[PDB]
Every structure is written in structure tokens, then in C-alpha cells.
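The structure appears right after this line, and notes come after that.
Since every read-out is calculated from the coordinates, none of them should be taken as a lab result. Counting neighbours? That spans all protein chains shown, and the Cβs are built from the backbone with ideal geometry, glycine included.
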Amino acid sequence: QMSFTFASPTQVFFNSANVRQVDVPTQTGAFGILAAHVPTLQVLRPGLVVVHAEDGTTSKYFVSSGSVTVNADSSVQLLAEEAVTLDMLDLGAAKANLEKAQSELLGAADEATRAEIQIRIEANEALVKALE
Amino acid sequence: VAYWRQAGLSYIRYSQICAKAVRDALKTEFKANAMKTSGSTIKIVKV
Amino acid sequence: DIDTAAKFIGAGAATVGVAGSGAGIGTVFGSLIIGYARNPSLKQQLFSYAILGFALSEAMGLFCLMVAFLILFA
Amino acid sequence: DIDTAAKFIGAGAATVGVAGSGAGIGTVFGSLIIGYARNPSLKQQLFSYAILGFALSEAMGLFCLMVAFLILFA
Amino acid sequence: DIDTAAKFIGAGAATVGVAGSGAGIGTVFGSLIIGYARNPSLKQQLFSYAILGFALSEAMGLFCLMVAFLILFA
Amino acid sequence: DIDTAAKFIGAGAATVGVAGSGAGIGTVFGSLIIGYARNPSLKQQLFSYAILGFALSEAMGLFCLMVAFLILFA
Amino acid sequence: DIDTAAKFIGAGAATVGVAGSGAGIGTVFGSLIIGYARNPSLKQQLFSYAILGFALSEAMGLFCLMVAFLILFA
Amino acid sequence: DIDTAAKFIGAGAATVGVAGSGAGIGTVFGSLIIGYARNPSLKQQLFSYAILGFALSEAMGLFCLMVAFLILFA
Amino acid sequence: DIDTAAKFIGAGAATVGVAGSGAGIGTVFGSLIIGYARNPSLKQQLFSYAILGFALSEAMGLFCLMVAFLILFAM
Amino acid sequence: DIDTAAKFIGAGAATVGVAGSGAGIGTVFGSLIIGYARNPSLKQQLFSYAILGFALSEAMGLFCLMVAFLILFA
Amino acid sequence: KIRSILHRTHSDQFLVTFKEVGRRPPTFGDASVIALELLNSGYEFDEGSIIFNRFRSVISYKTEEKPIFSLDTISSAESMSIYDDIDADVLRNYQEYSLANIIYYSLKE
């Protein structure tokens with residue numbers, strides 16, 4: 001079966017747990033991991049991981065970044081740099097930050113700043129799309 | 001390549017910026033309980 | 001007579017178009033297999049797309065067979 | 001008549017091209033699924049592509065039938 | 001006779017419709033291989049969709065065969 | 001006119017060739033969807049290549065309809 | 001007899017169906033390569049699908065060859 | 001009359017062959033779309049082999065047009 | 001004649017059947033290309049699996065090629 | 001004479017299958033594009049397999065055209 | 001302290017060093033800073049080791065060393081053949097993150 005390990009640097013949510021399916025975002029493309037998924041390495045994108053226990057229960061944790069590894073022996077390791085449960089967020093702050101970022105992206109101070117603002121944009125965009 | 005790398009950013013920077021965003025977008029209560037254990041005090045010395 | 005000859009030729013050669021509808025159904029359902037073997041969580045939205053693609057694809061074969069019927073009956 | 005017979009012959013081979021359309025639509029309505037599996041954060045924006053991928057996909061289909069029209073009555 | 005030749009040629013030029021159906025079967029069972037190979041646990045579920053696509057796509061080629069036999073023997 | 005009938009059957013055979021362009025455009029505009037799903041940031045390049053290939057494949061369908069007219073008329 | 005000729009006409013215009021077969025088999029044994037390269041571990045169960053699909057599509061294509069032999073010899 | 005009728009019909013048969021080149025051209029310009037989405041930093045390098053595939057798929061269509069002209073005029 | 005000449009078109013319309021075999025073998029070898037690109041370590045086995053799909057598709061085409069050459073010679 | 005007419009028709013029908021070779025070549029080169037984008041380092045070996053498969057599908061298509069040439073001339 | 005103890009022999013080999021460690025508890029931000037200042041420094045290291053003091057128990061610690069690699073090693077490591085969707089983009093972004101992870105783990109230990 002699947003041995004899950006979801007752990008922010010600050011806190012650990014699952015330690016070698018046994019869940020049925022886990023849906024995770026990713027740079028390439030958001031996808032799901034099941035009890036025999038082929039081994040892969042990926043680095044997460046601002047999104048929301050969704051876990052389902054052996055039963056039909058669910059849980060959604062919004063993750064900023066990180067890396068998800070699926071190993072030969074069916075062991076998923078989802079190390080997220082900042083993993084927060086949805087009940088910790090507020091809409092207006094994220095929405096205003098997103099709109100501010102869109103406003104400032106017009107100001108092409110430099111390509112590095114353009115990229116930084118773009119990252120902030122789609123970060124807050126995933127936040128709102130999760131909360132809207 | 002990705003839209004955030006043409007400039008030349010490392011994925012560390014990508015995660016750092018995304019994490020700062022997700023921190024900024026928390027409850028007013030959890031801001032006090034997350035602003036700590038989030039900053040950085042290390043500083044570099046010229047070689 | 002030769003009029004019936006052309007009738008039968010047309011009926012026979014019109015139905016061949018249904019091959020495209022068959023291939024469309026095949027490719028759409030293969031895409032469903034792949035896109036549900038990637039992100040199974042959805043499904044409750046993918047199968048909708050697969051069924052819509054079925055309707056749309058089998059429409060072409062239906063058209064070809066109705067053309068065959070009309071050319072062999074009027 | 002031989003003329004009507006040739007009209008029918010051309011009609012039979014004027015509706016075969018619809019198979020092309022049959023494949024076309026399918027491919028798009030295959031790819032969409034794949035795409036929508038790998039990136040549910042572009043669903044809506046994908047629809048536009050899909051409808052475009054439908055119109056120009058069925059386009060030739062209809063035009064093939066157009067020839068049939070002509071080859072039946074022109 | 002011209003009419004009997006008509007029926008036989010109609011059957012012959014209709015039977016080709018199976019090509020698209022065969023291509024669709026091949027596409028479906030290639031998609032199944034890839035999908036299962038990525039995510040083996042989903043097997044018995046992917047298999048249902050893929051075999052369903054098989055049968056529910058070869059329905060078109062069998063419609064072509066049925067119309068061919070209709071023309072030949074009727 | 002036997003020769004006008006031969007022109008008609010030639011046009012009926014020729015008009016099918018656009019099925020190739022239909023299939024090609026289906027492939028192009030499904031690849032567009034999935035590639036845009038993978039790498040949205042480059043939408044403008046995706047349209048550029050997609051439309052370039054679209055016309056560049058419509059080459060064949062326009063050729064086939066043109067030759068249908070030419071056998072019919074010229 | 002004009003039937004003795006239209007028989008061969010139909011046989012030739014019917015054996016073309018094997019094209020779609022060949023294409024389906026090709027797709028299946030390409031998809032097998034991708035699937036096995038991606039996930040070499042579960043080698044065997046890939047065959048339980050590859051051979052199944054190949055033989056299945058090959059048989060449904062051979063239906064057209066069977067029909068062609070039937071008409072050419074009956 | 002029948003000789004030029006054969007001219008017309010055989011040319012119309014030849015004109016169909018460009019459909020496969022249409023399918024292949026669409027395939028190559030969908031593959032370029034994908035391969036550019038996945039590794040954008042290899043534009044021109046990918047484009048070189050893409051235009052090579054253009055040339056080697058246009059070969060078939062232009063040869064089919066060549067044979068069509070030859071058999072309609074020689 | 002007609003029945004001694006219609007065999008020519010019979011054979012031609014049978015020989016058209018090889019197009020799909022050509023397409024199938026093309027996609028087989030494209031799949032070989034992609035498979036090798038993914039896992040270049042598996043160079044040996046992939047070629048064998050190719051040869052297999054190669055042979056099966058080309059034989060399926062040979063069926064129609066022989067049907068045509070039957071039309072011309074064995075009718 | 002009708003023999004020459006049937007001979008033209010046979011050649012024109014046989015010279016359409018190179019559509020298959022065109023589609024196969026297009027698919028092979030699309031796969032080349034994708035594989036190269038996957039692994040830019042390995043292009044020679046990818047190109048080696050690509051030229052082998054290319055040339056062999058070329059052999060099949062040109063074999064079809066050789067049969068067309070023969071039937072026109074014999 | 002590490003810089004000083006090794007500024008007599010191996011004085012020249014220093015590439016960069018950091019201060020204000022341990023004054024306050026370390027955080028993933030500190031590890032990210034170290035990883036950034038390592039990657040940006042134009043040194044294309046082909047291998048590495050990280051030495052730290054694993055905390056066995058309140059009485060004992062062990063000077064442990066963990067290896068670390070580079071994307072050029074990962075690509076050419078045949079053992080990676082069984083991991084899919086592995087180009088030279090996700091693989092080395094993952095390598096950057098792995099470097100930051102190991103730095104943070106060593107900091108905490």
C-alpha cells in the first residue's frame with residue numbers, strides 16, 4: 001500500500017500514513033498519486049493538495065511550494081515549504097495582494113522583478129481560486 | 001525554463017516568494033504565530 | 001438499370017465515411033483513459049466530456065449512414 | 001440516366017471526406033480531456049479552444065457535403 | 001447483370017468502413033496501456049472504460065458491415 | 001454525356017482528399033490544447049505555430065477542392 | 001460477366017479496409033513501447049493488454065479480408 | 001470517350017493521395033507545438049527538423065499531384 | 001475485354017490497402033523514438049519490440065498485397 | 001478500347017496509398033520532435049532510429065508507387 | 001567559529017561563510033539563504049558533503065556527514081531511469097530544493 005509523508009518544515013501532517021489517493025499540484029501538471037503510481041519526482045506549485053484516507057474522507061491543505069517524490073516501494077513524500085489548512089486564510093488580503101501585483105506588473109522595472117511579481121500574482125491567484 | 005526563470009531565478013527563490021505570499025494571506029490571528037519561525041537572520045561575509 | 005447501379009455505388013461509398021466517426025470515438029475514449037489515469041479525482045467532469053465527444057463523433061457516422069439511406073431510397 | 005448515375009457516383013465519394021471530420025473532432029475532443037486532466041486551472045479558457053477546435057474541425061465536413069450537393073444538383 | 005453487379009459493388013465499396021473502427025480500437029488499447037502503465041492501481045477501472053470504448057466504437061464498423069450485408073443480400 | 005459523367009465521378013473521388021487536412025487540423029488544434037495546458041505562458045507562440053500549421057495543412061484541402069472544380073470546369 | 005468483373009471491383013475496393021487495421025496495430029505496438037519504457041517494472045501485464053488489443057483489432061480487420069475472399073470465391 | 005473518361009477518373013483517384021500527407025503534416029505541426037511547450041528554449045533547433053518533416057511529407061502530396069497531372073494528360 | 005481488364009482495377013484497389021500499414025509502421029517507429037528518448041538505457045529491448053510490431057503490421061499489409069496479386073494472376 | 005481505360009483507373013487507384021506513407025513519415029518526424037525535446041542530449045541515436053523508420057516507410061510508399069507504375073505500364 | 005578554526009590551514013579554500021548562526025533558532029529562511037548564496041556563487045561543484053552534529057541524546061551527539069550531488073550526477077545516474085517525467089528542469093529544481101532541505105535539517109540537528 002501507499003506510505004504517505006506530508007511534512008512542512010515547521011509541522012508534520014502525515015508520517016508514513018496510509019492514505020488511498022492523494023491529489024497534488026505540480027509544475028508540469030496537477031495529478032493524482034495512488035497506491036502503485038509509477039515513480040516520479042516533481043516540484044510543487046502554489047496550489048492545494050487533497051488527501052483521501054483509506055476510507056472516503058478528504059482533507060485539503062494549501063501548499064506554497066515543495067517537492068513530491070513517489071518511490072519504487074510505493075512511498076510518497078510531499079515536502080511542502082509552507083503547508084497551511086484552508087481555514088487559516090482570508091480572502092480580502094489575498095485578493096488585494098493579487099490586484100496590486102497585477103497593477104505593478106505594468107511597471108517593468110526589470111525582468112527579475114517581472115518574474116517575482118508574476119510568481120506573487122499566480123500564487124495569490126491560486127489562493128483565490130481555492131477560496132473563491 | 002519557466003516564466004519565473006527567464007530572468008534567472010532559482011527554484012529556491014520561487015518557493016521563497018510563494019511562501020511569503022501564503023504567509024501574507026493568513027488570518028489576523030495566525031499572522032503573529034507565523035511571522036516568527038519564518039524570517040531569516042543569517043548574513044554573509046565577504047571572502 | 002444503370003440508374004440502380006449508381007444508386008448502389010453511392011449507397012456503398014457513402015457509408016465508408018463512418019470510419020472517421022469510429023476513429024473519433026476511439027481517440028476520444030483513449031484520451032479519457034489517459035486523462036483519468038493521470039488525475040482520477042475528477043472523472044465526474046471527464047466522463048461528461050467523453051460522452052459529449054461520443055455524441056459529437058457518432059454524429060458524423062450517423063450522417064453518413066443517413067446519406068446512404070437517402071441515396072438508396074430516394 | 002447516365003448523368004444522374006454519375007451524380008450519384010460523385011455523391012457517394014463526396015460524403016467519404018466526412019470521415020476526415022470524424023477524426024478531427026475526435027482528436028480535439030481527445031486532447032481537451034488530456035489537457036483538462038493535466039491542468040484543471042484552465043478549464044473555462046480551454047472551452048474556447050475546444051469550440052474553435054470544433055468549428056474548423058467540422059468545417060471541411062460540411063464543405064464535403066457541399067460538393068455532394070453540387071454533384072447531385074450542379 | 002448491371003443490377004446484381006450493382007449490389008456486389010455496393011457491398012465491396014461499403015465494407016471498407018472497418019478501417020476507421022480498427023484504428024479506433026488500436027488507439028483505445030494503446031491509451032489503455034499507457035494509462036495503466038502510469039497508474040497501475042487504477043487497472044480494473046481503466047479496463048472498464050477501455051473495453052467499453054472498444055465495443056462502443058466498433059459499433060460503427062459493425063454498422064458499416066451490416067449495411068454492406070444489407071446491400072449484398074437486400 | 002459519358003465524359004461529363006466521368007468528370008463527375010472524378011470530382012467525387014477527388015473531393016475526399018480534404019479529409020487529410022481535416023485530420024491534420026484536428027491534430028494541430030488538439031496539440032495546441034494540451035501544450036497550452038503544459039506551458040500557458042507561451043500562448044502567443046502557440047497561436048502562431050497553430051495557425052501557421054493550420055493554413056499550411058489547409059493547403060491540401062484547398063488543393064483537392066480546387067482540382068475538383070478544375071476537373072469539373074477546366 | 002459484368003458481375004464476374006464487379007466481383008473483382010468489390011474485392012479490390014473492400015480489401016482496403018485492412019489499412020485501418022494496420023494503423024491500429026501500429027498504434028498499439030507504439031503505445032506498448034512508450035508504456036513499457038515509462039514503467040519497465042510491470043512488464044508482463046503490459047502484454048496482457050498489448051497482445052489482447054493487437055489480436056482483437058487484427059481480427060476485426062481480417063473481417064474485411066474474410067468478406068473479400070467470400071465474394072471473390074462466392 | 002472512354003479513354004478520356006479513364007483519364008478523369010484515374011486523375012480523381014490520384015488527387016486523393018494528398019490526404020495522407022495532410023494527416024502527416026498536421027501530426028508534425030502538432031508535435032512541434034508540444035515539443036515547444038515542453039522545452040521552449042529549443043525553438044529553431046526543433047523548427048529545423050519540423051521543416052524537414054514538412055519537406056518529406058510534401059514529397060508525397062506533390063508526387064500525387066504529379067501522377068494526377070500525368071494520368072489526366074498522359 | 002472487361003472481366004480480363006477489370007482485374008487491373010481490382011488489383012489497384014487492393015494495393016491501396018497498404019497505406020494504413022504504412023501509417024501503422026510509421027507510428028510504431030515514432031513510438032520507438034519517444035520510448036528511447038524517455039529511457040535511453042532500454043536500447044536493446046525496445047528495438048526487439050519494434051521488430052515485432054513492424055513484422056505484424058507489415059504482414060497485415062502483405063495480406064492485401066497478396067490479395068491484389070491474386071486478383072491479377074490467381075483471380 | 002476499354003482495356004486501356006480500366007488500366008488508367010487501376011493506376012490511379014493504386015497511386016493513392018502513398019497517403020499512408022505520408023502519414024507515417026509525418027508521425028515519425030513528430031515523434032522525433034517530441035523525443036528530442038524530451039532529451040536534447042540524445043539526438044543522433046534518436047535521429048538514427050528516425051532515419052531508419054523514415055526510410056523504411058518511404059520504401060513502403062514508393063513500393064506502392066512502383067505498383068502504380070507497373071499497373072499503368074502493365 | 002568554524003571559519004576561525006579553519007582559517008590557518010584551508011584558509012584559502014573558503015568560498016563563503018555566514019554569521020549570526022545560533023543566536024536565534026534557525027528557520028527554513030536561513031537554509032534558503034545559504035542555498036541561494038551557494039548556487040549564485042559561480043562554483044559548479046560536482047559533489048559535496050555536509051558535516052553537522054546529529055543530536056543522539058542530551059549527553060551524546062555524533063558528527064555525521066551527509067552527501068549531496070549535482071544535476072549532472074543525477075542525470076547520468078542510471079538509477080534515475082525508473083523515475084518518469086524527469087527532464088533537466090524538474091530534476092534540478094528538485095535538486096535545489098533538496099539542497100535547501102538538507103541545509104535546514106543540518107541546521108536544526
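Residues being within 13 Å of the chain's Cα centre (by Cα) and part of a strand (DSSP E or B): count how many of those fall in region A:60-76.
The number of residues fulfilling the criteria is 7.
Could you list, in sequence order, the residues of region A:23-50 that are farther than 28 Å from A:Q118 by Cα and either more than 7 Å from every other protein chain (Cβ to nearest Cβ) or under 10 Å from the mean Cα position of the chain (by Cα) (or both)?
A:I33 - this is the single residue of region A:23-50 that is farther than 28 Å from A:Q118 by Cα and either more than 7 Å from every other protein chain (Cβ to nearest Cβ) or under 10 Å from the mean Cα position of the chain (by Cα) (or both).
Quick one: which of A:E122, A:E82 is surrounded by 15 or more Cβ atoms within 10 Å (Cβ to Cβ), in contact (Cβ under 8 Å) with a residue 60 or more places away in the chain, under 30 Å from A:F14 (Cβ atoms) and at the interface with chain B (Cβ under 7 Å from one of its Cβ atoms)?
Details: A:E122 fails: at the interface with chain B (Cβ under 7 Å from one of its Cβ atoms).
Sole residue among the options that is surrounded by 15 or more Cβ atoms within 10 Å (Cβ to Cβ), in contact (Cβ under 8 Å) with a residue 60 or more places away in the chain, under 30 Å from A:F14 (Cβ atoms) and at the interface with chain B (Cβ under 7 Å from one of its Cβ atoms): A:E82.
Sort out which residues of region E:1-18 are more than 7 Å from chain G (Cβ to nearest Cβ) and not hydrophobic (A, V, I, L, M, F, W, C), and write them in order of number.
Those that are more than 7 Å from chain G (Cβ to nearest Cβ) and not hydrophobic (A, V, I, L, M, F, W, C): E:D3, E:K7, E:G10, E:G17.
Going residue by residue through region K:20-43, is there one that turns out to be within 14 Å of chain B (Cβ to nearest Cβ), on the phi > 0 side of the Ramachandran plot and of a type in the set (D, E)?
Looking through region K:20-43, at least one residue is within 14 Å of chain B (Cβ to nearest Cβ), on the phi > 0 side of the Ramachandran plot and of a type in the set (D, E).
Being surrounded by fewer than 20 Cβ atoms within 10 Å (Cβ to Cβ) and closer than 29 Å to K:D12 by Cα, is that true of even one residue in region B:14-33?
Initial filter on region B:14-33 (surrounded by fewer than 20 Cβ atoms within 10 Å (Cβ to Cβ)): B:20, B:23-24, B:27-33.
Then keep just the ones that are closer than 29 Å to K:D12 by Cα; that gives none.
Within region B:14-33, not a single residue is surrounded by fewer than 20 Cβ atoms within 10 Å (Cβ to Cβ) and closer than 29 Å to K:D12 by Cα.
I'm trying to understand the selection: among the residues of region A:44-59, which are of a type outside the set (S, T, Y) and either in a strand (DSSP E or B) or over 18 Å from K:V90 (Cα atoms) (or both)?
A:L44, A:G47, A:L48, A:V49, A:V50, A:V51, A:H52, A:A53, A:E54, A:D55, A:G56
Exactly one of these conditions fails for H:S21: (1) at the interface with chain F (Cβ under 7 Å from one of its Cβ atoms); (2) more than 16 Å from I:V16 (Cβ to Cβ); (3) polar (S, T, N, Q). Give me its number.
(2)
When residues of region C:32-74 are filtered for being under 23 Å from F:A37 (Cα atoms), within 11 Å of chain E (Cβ to nearest Cβ) and in contact with a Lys or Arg (Cβ under 9 Å, 6 or more places away or on another chain), how many remain?
6
Let me spell it out: the conditions are (1) of a type in the set (F, W, Y); (2) under 22 Å from E:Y49 (Cβ atoms); (3) touching a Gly at 6+ places or on another chain (Cβ under 8 Å), and G:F8 meets all of them except one. Which number is the exception?
All conditions are met except number (2).
Every residue, every condition in (1) basic (K, R); (2) buried (at least 19 other Cβ atoms within 10 Å of the Cβ); (3) touching a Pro at 6+ places or on another chain (Cβ under 7 Å); (4) touching a residue at least 24 places away in the same chain (Cβ under 8 Å), yes or no:
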{"site": "D:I34", "(1), (2), (3), (4)": "no, yes, no, no"}
{"site": "D:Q44", "(1), (2), (3), (4)": "no, no, no, no"}
{"site": "D:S48", "(1), (2), (3), (4)": "no, no, no, no"}
{"site": "D:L52", "(1), (2), (3), (4)": "no, no, no, no"}
{"site": "D:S57", "(1), (2), (3), (4)": "no, yes, no, yes"}
{"site": "D:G61", "(1), (2), (3), (4)": "no, yes, no, yes"}
{"site": "D:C64", "(1), (2), (3), (4)": "no, yes, no, yes"}
{"site": "D:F69", "(1), (2), (3), (4)": "no, no, no, no"}
{"site": "D:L72", "(1), (2), (3), (4)": "no, no, no, yes"}
